[PDB]
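Asker: Quick one: the structure is below, and I'll ask about it shortly.
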Amino acid sequence: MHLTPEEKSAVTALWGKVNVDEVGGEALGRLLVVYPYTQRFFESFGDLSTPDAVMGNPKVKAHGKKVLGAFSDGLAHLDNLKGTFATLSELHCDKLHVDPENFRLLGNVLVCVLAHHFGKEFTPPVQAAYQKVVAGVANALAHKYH
Amino acid sequence: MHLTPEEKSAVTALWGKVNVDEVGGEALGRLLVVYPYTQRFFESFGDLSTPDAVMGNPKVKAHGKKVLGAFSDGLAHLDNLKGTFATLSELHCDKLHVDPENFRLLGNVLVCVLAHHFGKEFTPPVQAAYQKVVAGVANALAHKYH
Amino acid sequence: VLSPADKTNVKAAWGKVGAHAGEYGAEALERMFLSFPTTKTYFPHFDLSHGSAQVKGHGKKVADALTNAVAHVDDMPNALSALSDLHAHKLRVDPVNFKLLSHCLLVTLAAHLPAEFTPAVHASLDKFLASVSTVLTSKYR
Amino acid sequence: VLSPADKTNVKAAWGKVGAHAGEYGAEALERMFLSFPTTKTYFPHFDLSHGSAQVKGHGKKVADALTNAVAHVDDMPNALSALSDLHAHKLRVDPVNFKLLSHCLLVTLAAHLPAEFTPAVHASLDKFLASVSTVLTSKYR
Ligand code: HEM
Ligand code: HEM
Ligand code: HEM
Ligand code: HEM
């Protein structure tokens, strides 16, 4: 991707320390809490009436694991995000009807989760590389919309 | 920025009826009027305190001409907007310090001015095609920012 | 924040729209769907083809709310309350879309009111639509 | 709309920032300049190098304005009158930039308040920064 080699390594190096299980669920639960309008896509997940109901909803957590596993996969192909996500792009447009603005919201929430999770290790330059990656993933996922 | 053969035709045909001069001064003046904060870059133009003041300013008219002149040349190279605007992109960033967000605002105001001017011939499909072009151009001009 | 001048401008332009409101409404929706395809993600249950009755019908509802909003320009919050409820609790449209529709309404107005769409009125209308938008997403969170 | 719960959350969170406020504001700025390079177009007169004296200075000023805003959560328009003016009539920073800085402020806070940065507090802070932003650009036009 349009990341310097230094940035590419920084991303990878940190990602290795991420518990995709844990982080996916926190990232999708916080999206649902901070931006409640996003709940619109998950009526079938059950109760999302409160912060606590959202954070502890197992469908939330399981879907988060799924989202983040797909996210993790694109990290192995920073060079062909478009290619890694074409299928998922079509699915999200044609089958799910998700406005792609949501991909951007999720990207910023994830940045916040990584910062919370890593503290001081999530330095300005590391965040900057991560900002480039989340933007890259939202564009790749928005790519097949029509 | 993908224009179907028909979009390209539509763009081209309308543009051959545009008086750059006239349209340029109108688009730049409207910008200055609707989004007054954009006046931050043109203090030397004089008094831009009233719509009448803005619209009749000759500095605003001349500038609008310059800007739309360049715009017009890009229409000649829709295949390589990036390369065509590379130098202007570096100029806007390093010398002018213009937040690329202004290119998006100017593009939208421009669409408003062509609709105003052409009326009914400025159909939904023609607008869609111009929307692709102004975004392409704004993106080409923001490309070299760092 | 709408000045008296703005309110004056809006009442005036919307006045000339008059009876054509609903037509402009549907025109604006069409321009939106074509120009900004992502907005179609909110109408999967709609026939989005040219002249769809669904779009014509929807566009009339949208023009009617706007007419209602011009009539109560001094108290949009209360005048639009049920609509802000619906948007916040049911529809849940991401706020960037409001800016897309507002742009397409100005395009419509420009293309139909050459004499009336002066810079000053354009400026007023832009601000008015931004305010309606703020009202409509005021209860999001 | 800040509810009583939001206000408690913000005061709590910000109480915790305490004396590090200027250090967090400088860090937030540095984070903004690196992640969103177009925001540097407003600071052509600044040395944006890491640890620069202008950044540190500016950072404290932003931090202090926030502190004040928290102290006057119920009266923001009045508390930030001077800043609203300054931004609206002099600085004239496009409103999107406010969204970028708010994000970088939240990231800084998250990186420093492991215990306090819960989803509920995170939501409260996000809502608070959007309110501050709204006041600061409320006199733009
Ligand atoms: C990093 C961004 C995202 C990635 C990589 C991602 C990935 C995925 C994947 C892999 C699936 C399941 C695919 C399958 O059925 O085989 C999925 C389903 C889904 N996603 Fe996305 N997603 C992302 C963002 C979002 C966001 C922000 C939303 C809405 C806020 C969303 C809404 C959904 C929904 C509603 C489903 C279907 C769940 C079900 O199967 O019932 N996605 N996503
Ligand atoms: C379609 C997008 C635009 C194009 C193609 C464009 C093109 C130009 C050109 C050709 C010049 C002259 C540069 C030279 O001396 O070689 C220029 C200068 C300038 N532009 Fe841009 N421009 C665009 C948008 C804008 C916008 C939206 C702003 C601010 C809102 C802006 C601010 C300026 C300023 C302040 C100058 C210098 C004026 C002077 O020195 O007289 N430009 N632009
Ligand atoms: C100026 C801004 C807007 C106004 C005045 C407005 C007004 C309305 C009105 C009056 C209704 C119907 C209420 C009813 O029949 O009970 C409605 C419904 C709806 N609106 Fe909004 N709206 C606005 C913006 C938007 C935007 C930007 C979108 C998304 C792109 C949107 C999406 C919808 C949808 C999906 C419905 C439901 C349509 C149906 O299923 O029949 N609206 N709106
Ligand atoms: C959280 C929202 C913001 C707050 C609370 C804030 C606060 C301040 C304060 C307290 C000052 C100094 C006033 C003085 O000189 O006495 C200032 C100046 C300034 N602000 Fe804002 N600001 C905010 C957002 C922004 C954004 C997003 C930008 C641009 C990206 C920006 C650009 C500037 C600039 C360029 C100055 C003048 C700096 C100088 O030359 O010293 N501000 N701001």
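The way I read the labels, and the way they are meant: chains A, B, ... in the order of the structure tokens, residue 1 as the first residue of every chain, and ligand 1 as the first ligand shown, with later ones counted on from there.
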Any idea which chain C residues end up within 12 Å of chain B if we count only C-alpha atoms, as number ranges by chain please?

Answerer: C: 6, 24, 26-37, 50, 99-100, 102-128

Asker: Grab me every residue within 7 Å of ligand 2, counting only C-alpha atoms and all ligand atoms, and send it over as a ChimeraX atom specification.

Answerer: /B:38,41-42,63,66-68,70-71,88,92,96,98,102-103,105-107,137-138

Asker: Could you make a table, as CSV, of the residues of chain C that have an atom within 8 Å of an atom of chain D, each with its nearest atom pair and distance in Å to one decimal, counting only C-alpha atoms, in chain and number order?

Answerer:
residue,atom,partner,partner_atom,distance
C:1,CA,D:141,CA,7.5
C:138,CA,D:1,CA,7.9
C:139,CA,D:1,CA,7.9
C:141,CA,D:1,CA,7.4

Asker: With the cut-off set at 12 Å and counting only C-alpha atoms and all ligand atoms, tabulate each residue of chain C with an atom at most that distance from an atom of ligand 1, showing the nearest atom pair and its distance in Å to one decimal, ordered by chain and increasing number, as CSV.

Answerer:
residue,atom,partner,partner_atom_place_in_ligand_line,distance
C:41,CA,ligand 1,29 (C),12.0
C:92,CA,ligand 1,30 (C),11.4
C:93,CA,ligand 1,30 (C),11.7
C:94,CA,ligand 1,30 (C),10.6

Asker: With N, CA and C atoms kept, could you save the residues just selected as a PDB file, in the first residue's frame?

Answerer:
ATOM      1  N   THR C  41     -28.015   2.875  -0.901  1.00  0.00           N
ATOM      2  CA  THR C  41     -27.968   1.778   0.103  1.00  0.00           C
ATOM      3  C   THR C  41     -29.109   1.910   1.090  1.00  0.00           C
ATOM      4  N   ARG C  92     -32.025   6.022  10.687  1.00  0.00           N
ATOM      5  CA  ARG C  92     -30.606   6.047  11.052  1.00  0.00           C
ATOM      6  C   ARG C  92     -29.661   6.202   9.891  1.00  0.00           C
ATOM      7  N   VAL C  93     -29.907   7.184   9.036  1.00  0.00           N
ATOM      8  CA  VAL C  93     -29.076   7.582   7.880  1.00  0.00           C
ATOM      9  C   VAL C  93     -27.794   8.269   8.363  1.00  0.00           C
ATOM     10  N   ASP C  94     -26.616   7.833   7.945  1.00  0.00           N
ATOM     11  CA  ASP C  94     -25.390   8.524   8.380  1.00  0.00           C
ATOM     12  C   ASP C  94     -25.498  10.002   7.962  1.00  0.00           C
TER      13      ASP C  94
END

Asker: As a list in words, please: the residues near residue C:68 (cut-off 10 Å, only C-alpha atoms, same-chain neighbours under 5 positions excluded).

Answerer: residues 62, 63, 73, 76, 79 and 80 of chain C

Asker: Which residues of chain B come within 12 Å of ligand 4, and what is each one's closest atom pair and distance in Å (one decimal), counting only C-alpha atoms and all ligand atoms, sorted by chain and residue number, as CSV?

Answerer:
residue,atom,partner,partner_atom_place_in_ligand_line,distance
B:40,CA,ligand 4,35 (C),11.7
B:97,CA,ligand 4,35 (C),11.6
B:98,CA,ligand 4,30 (C),11.9
B:99,CA,ligand 4,30 (C),9.4
B:101,CA,ligand 4,30 (C),11.8

Asker: For chain D fitted to chain C over all Cα atoms in order, what RMSD does a least-squares superposition give?

Answerer: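 That gives an RMSD of 0.2 Å.
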
Asker: Around ligand 3, out to 7 Å and counting only C-alpha atoms and all ligand atoms, which residues are there? I want them as a list in words.

Answerer: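 Within the 7 Å cut-off, the matching residues are residues 39, 40, 42, 43, 58, 61, 62, 63, 64, 65, 66, 83, 87, 91, 93, 97, 98, 100, 101, 102, 129, 132 and 133 of chain C.
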
Asker: Please write the residues from the selection above to a file, keeping C-alpha atoms, as a PDB file, in the first residue's frame.

Answerer:
ATOM      1  CA  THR C  39     -27.102   6.810  -0.998  1.00  0.00           C
ATOM      2  CA  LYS C  40     -29.025   4.024  -2.780  1.00  0.00           C
ATOM      3  CA  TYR C  42     -30.817   3.372   2.061  1.00  0.00           C
ATOM      4  CA  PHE C  43     -33.542   2.468  -0.467  1.00  0.00           C
ATOM      5  CA  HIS C  58     -40.942   9.907  -1.750  1.00  0.00           C
ATOM      6  CA  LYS C  61     -42.995  13.818   1.140  1.00  0.00           C
ATOM      7  CA  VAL C  62     -39.534  15.368   1.239  1.00  0.00           C
ATOM      8  CA  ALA C  63     -40.785  18.607  -0.451  1.00  0.00           C
ATOM      9  CA  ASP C  64     -43.721  18.777   1.961  1.00  0.00           C
ATOM     10  CA  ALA C  65     -41.449  18.591   5.023  1.00  0.00           C
ATOM     11  CA  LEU C  66     -39.313  21.369   3.559  1.00  0.00           C
ATOM     12  CA  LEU C  83     -39.229  13.643  11.634  1.00  0.00           C
ATOM     13  CA  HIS C  87     -34.453   9.679  11.426  1.00  0.00           C
ATOM     14  CA  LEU C  91     -33.995   5.321   9.543  1.00  0.00           C
ATOM     15  CA  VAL C  93     -29.076   7.582   7.880  1.00  0.00           C
ATOM     16  CA  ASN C  97     -25.886  11.826   3.295  1.00  0.00           C
ATOM     17  CA  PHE C  98     -27.812  14.987   4.285  1.00  0.00           C
ATOM     18  CA  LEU C 100     -25.452  14.930  -0.530  1.00  0.00           C
ATOM     19  CA  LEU C 101     -29.208  15.592  -0.757  1.00  0.00           C
ATOM     20  CA  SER C 102     -28.821  19.263   0.144  1.00  0.00           C
ATOM     21  CA  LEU C 129     -30.670  23.061   4.280  1.00  0.00           C
ATOM     22  CA  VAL C 132     -32.789  21.405   8.452  1.00  0.00           C
ATOM     23  CA  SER C 133     -30.042  18.786   8.367  1.00  0.00           C
TER      24      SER C 133
END
